[PDB]
Number of protein chains: 2
Amino acid sequence: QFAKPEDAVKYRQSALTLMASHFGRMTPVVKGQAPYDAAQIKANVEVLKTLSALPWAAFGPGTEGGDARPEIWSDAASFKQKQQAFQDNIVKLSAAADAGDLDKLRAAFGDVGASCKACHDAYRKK
Amino acid sequence: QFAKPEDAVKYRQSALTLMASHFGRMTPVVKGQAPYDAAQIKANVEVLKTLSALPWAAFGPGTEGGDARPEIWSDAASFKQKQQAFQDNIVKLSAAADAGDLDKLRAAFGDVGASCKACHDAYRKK
Ligand code: HEC
Ligand code: HEC
Ligand SMILES: O=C1O[C@H]([C@@H](O)CO)C(O)=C1O
Ligand SMILES: O=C1O[C@H]([C@@H](O)CO)C(O)=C1O
């Protein structure tokens, strides 16, 4: 869907900004500093689930740029495994949110965060 | 969810970038220059539906900036009506996509585009 590689870069950077806001805005909730409204969180995690599938299609062939390391492309299978592990952790966060249990949410939230950082450590430029 | 107004501006600008890509990438389809796969479009419009609800929460009180005209805030009811008309047109586009009919899709698509432009004409800086 991108006329030029710059358009894919702009897309993924916007997707990731959204995704970071929808994830990160839950930090006060999982820390107990903001109240836990199970329906609020369920709806937010549904938005996060949609967003979290979006970046990966915007690292298509020829879309080198931004803060993406070139190894995303030369080690495609290993990058796919980090994105699929992350996505699987988003499924687990959805399950916790759908269950309405703050203990499970905070554990699932931590797992997702770990998965974000693991990918960045390997595939995001410093 | 925004620590500073700049964060709301960044959020809405990212949401709108996404939303423009998910809308605009259908232009070749509705013009007949790309093939019409009803399931592909249905899935894309589902993503667009999620995205199209996101910008409006990021024009909260005190979030003046970007290319947003100040009248978004001083004429709040009229801005809400443009966003709700747009959202209603997104419902109609979902219906057309869910029906699998290219004639209905192209009409609904045109209505959505008109609604984007109408809002920009009143509420987006030049
Ligand atoms: C690989 C499978 C990743 C996972 C999982 C997550 N992120 Fe990521 N992120 C990745 C890359 C390769 C890049 C660089 C993209 C580019 O072309 O520049 C990023 C970048 C970000 C950013 C900065 C975005 C910007 O506006 O420029 C943020 C804020 C970010 N990533 C956040 C984020 C979060 C919150 C994640 C888990 C919920 C997450 N990322 C996962 C690769 C990967
Ligand atoms: C008001 C109800 C709007 C509707 C409906 C749509 N848009 Fe919009 N748009 C609006 C404003 C007030 C602004 C400025 C936001 C800011 O703070 O800068 C915008 C901006 C855009 C942009 C530029 C985004 C950027 O990255 O800076 C684009 C590409 C855009 N809008 C696209 C777009 C499309 C495709 C729409 C219908 C599907 C649409 N907008 C509707 C206000 C409103
Ligand atoms: O909100 C975020 O969480 C992850 C990471 O900090 C988790 O360790 C990330 O990159 C964000 O922007
Ligand atoms: O794809 C887009 O469509 C609308 C408008 O051009 C429709 O007239 C807009 O502002 C976009 O970025």
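Values reported hereafter were calculated over all heavy atoms of this structure, with side chains retained and with hydrogens, waters and symmetry mates removed. Sequence lines set the chain letters: A, B, ... in the order given, protein chains first and strands last, and positions in each chain run from 1. When a ligand or atom number is given, it counts from 1 through the structure's own listing order.
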Evaluation steps, side-chain contact (heavy atoms from CB on, under 4.5 Å), between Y11(B) and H22(A): CA-CA 10 Å; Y11(B) 179 103; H22(A) 289 276; 2.6 Å; yes
Who pairs with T17(B) by side-chain hydrogen bond (donor to acceptor under 3.5 Å, both in side chains), at least two apart in sequence or on another chain? none
A student checking ligand 1 against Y123(A) at a 4.0 Å heavy-atom cut-off should list atoms 12 (C)
Excluding sequence neighbours, so at least two apart, what forms side-chain hydrogen bond (donor to acceptor under 3.5 Å, both in side chains) with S94(A)? none
To the nearest 0.5 Å, tell me how far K4(B) NZ sits from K10(B) NZ. 8.5 Å
the protein heavy atom lying closest to atom 2 (C) of ligand 4 turns out to be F23(B) CD2, 4.1 Å
The complete set of salt bridge (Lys or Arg N to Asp or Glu O under 4.0 Å) pairs with one or both residues in residues 108-118 of chain B, sequence neighbours excluded, reads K92(B)-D111(B)
Would you mind telling me if ligand 1 is within reach of the side chain of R12(A), the backbone, both or neither, using heavy atoms under 4.0 Å? side chain
At less than 4.0 angstrom from any non-hydrogen atom of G66(A), what atoms of ligand 1 do you find? 17 (O), 18 (O)
Side chain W73(A), main chain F59(A), donor-acceptor under 3.5 Å: yes
What are the atoms of ligand 1, with element, lying closer than 4.0 Å to any heavy atom of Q83(A)? 2 (C)
Decide yes or no for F2(A) and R25(B): does some side-chain heavy atom of the first lie under 4.5 Å from some side-chain heavy atom of the second? yes
Which option, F59(A), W56(A), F23(A), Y11(A), owns the non-hydrogen atom nearest atom 11 (C) of ligand 1? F59(A)
Heavy atom of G65(A) under 4.0 Å from ligand 1? yes
Identify the protein heavy atom lying closest to atom 9 (C) of ligand 4, giving its residue, its atom name and the separation to 0.1 Å. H120(B) CE1, 4.3 Å
Search all heavy atoms of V112(A) against all heavy atoms of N89(A) and return the closest pair with its distance. CG2-O, 3.4 Å
Atom 8 (O) of ligand 4: the protein heavy-atom neighbour that sits closest, reported with distance to 0.1 Å: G113(B) O, 3.6 Å
Looking only at distances, please establish whether an N/O atom of ligand 1 is found under 3.5 Å from an N/O atom of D67(A). yes
Within 4.0 Å of some non-hydrogen atom of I72(A), the atoms of ligand 1 are 12 (C)
OH-CD1 distance between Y36(A) and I41(A), expressed to the nearest 0.5 angstrom: 7.0 Å
Euclidean distance, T50(B) OG1 relative to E46(A) CD, rounded to 0.5 Å: 9.0 Å
Measure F86(A) to ligand 1 on non-hydrogen atoms and call it side chain, backbone, both or neither using the 4.0 Å cut-off. side chain
Drop me the distance from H120(A)'s NE2 to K82(A)'s NZ, to the nearest 0.5 angstrom. 12.0 Å
Ranked by distance from atom 4 (C) of ligand 4, the top protein heavy atom is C116(B) CB, 4.0 Å
Scan the protein's non-hydrogen atoms and note whether one is under 4.0 Å from atom 6 (O) of ligand 4. no
Can you find a heavy atom in the side chain of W56(B) that is under 4.5 Å from one in the side chain of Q87(B)? yes
How many angstroms lie between CD in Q83(A) and OG in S52(A), if you round to the nearest 0.5 Å? 10.5 Å
Polar-atom distance check: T17(B) versus ligand 2, any N or O pair below 3.5 Å? yes
Protein heavy-atom partner closest to atom 11 (C) of ligand 4 - residue, atom, separation in Å: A20(B) CB, 4.6 Å
Does ligand 1 come near enough to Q13(A) that some N or O of the ligand is less than 3.5 Å from an N or O of the residue? yes
Any protein N, O or S atom under 2.8 Å from atom 8 (Fe) of ligand 2? Found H120(B) NE2
Taking atom CZ of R106(A) and atom CG of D101(A), what is their separation to the nearest 0.5 Å? 10.0 Å
